[PDB]
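Only one chain is given next, in structure tokens, and it is the form deposited in one PDB entry.
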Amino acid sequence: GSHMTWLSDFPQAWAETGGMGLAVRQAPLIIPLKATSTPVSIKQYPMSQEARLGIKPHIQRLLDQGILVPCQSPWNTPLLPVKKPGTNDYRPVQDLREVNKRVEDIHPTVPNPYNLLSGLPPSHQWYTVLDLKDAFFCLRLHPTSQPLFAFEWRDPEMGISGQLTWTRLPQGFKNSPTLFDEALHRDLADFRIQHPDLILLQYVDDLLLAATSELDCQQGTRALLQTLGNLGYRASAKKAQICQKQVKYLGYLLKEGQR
């Protein structure tokens, strides 16, 4: 149709119009520690006022959304101000290595990008590719697990005088990809059943919907967006590839052939 019509018919489905997501059907996650792990408090590396100002907006947006909350924890990991090469564009990166080492690994069951796409039958050649924005943040952390990802932050304006931590699955945590992948799979099982004429590929927060015609792809995408929104997820409108015979997915490019 247009892209704008897609934005208009599904405001709750896109991160750009429906605010940040939160998976309503997902119970708070408990992060099991290794049998012998004990809290570790890695001190915050000194940070220049310039770098701090540079990442302040990132922290603020999260605080305003309740994604970051104040806490007092025996755990602590460094907050790193990563500045884009040749610019004054900063972004925060939390070094969670010491926490990851004390958390038990979860054998990732995420499918191989290649096989996933290699299964698509030649009968379904119309595609819609979406990627959920701030995916991990849509999954809540049980309060007993929140203390694990604490970091230092100071700002009188926000009434923060010590530490903050995440209420959602953090970026940088080793099991986030698989935990999210499994969550979205559970949440989309119903959709798959309601649409036997459609193929749905999903790799963590990346989705590819395949149909036999532009019409079926159109109607399937409407259903998918409505389902994702109701479920509490948010797709990136700016990056979406709706109803095309040629799309980019998981690094792979599929036109009527592959990459």
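Just so we're on the same page, rigid core means the largest C-alpha set that superposes within 1.5 Å between forms. Only residues modelled in both forms are compared. Heads up: residue numbers just count along the shown sequence, starting at 1.
Just so it is clear, the following notes concern the form deposited in another entry, a form of the same protein that is not shown.
Point to revise | C-alpha of residue 158 moved at least 2 Å between this form and the one not shown on rigid core | key: Shift of 2 Å or more: yes.
Review point. With both forms fit on the core, has residue 87 moved 2 Å or more by CA between this form and the one not shown?
Key: For residue 87, whose C-alpha is compared between this form and the one not shown after core superposition, the shift is 2 Å or more.
Check your understanding: in the other entry, do the Cα atoms of residue 158 and residue 135 sit closer or farther apart than here, given a shift of 3 Å or more?
Key -> Farther: residue 158 and residue 135 separate by 3 Å or more in the other entry.
Practice item. Please identify, after superposing on the rigid core, every run of 3 or more consecutive residues whose C-alpha atoms all shift by 2 Å or more between this form and the one not shown, listing them in sequence order. Key: Moving regions between this form and the one not shown: 84 to 88, 154 to 159, 257 to 259.
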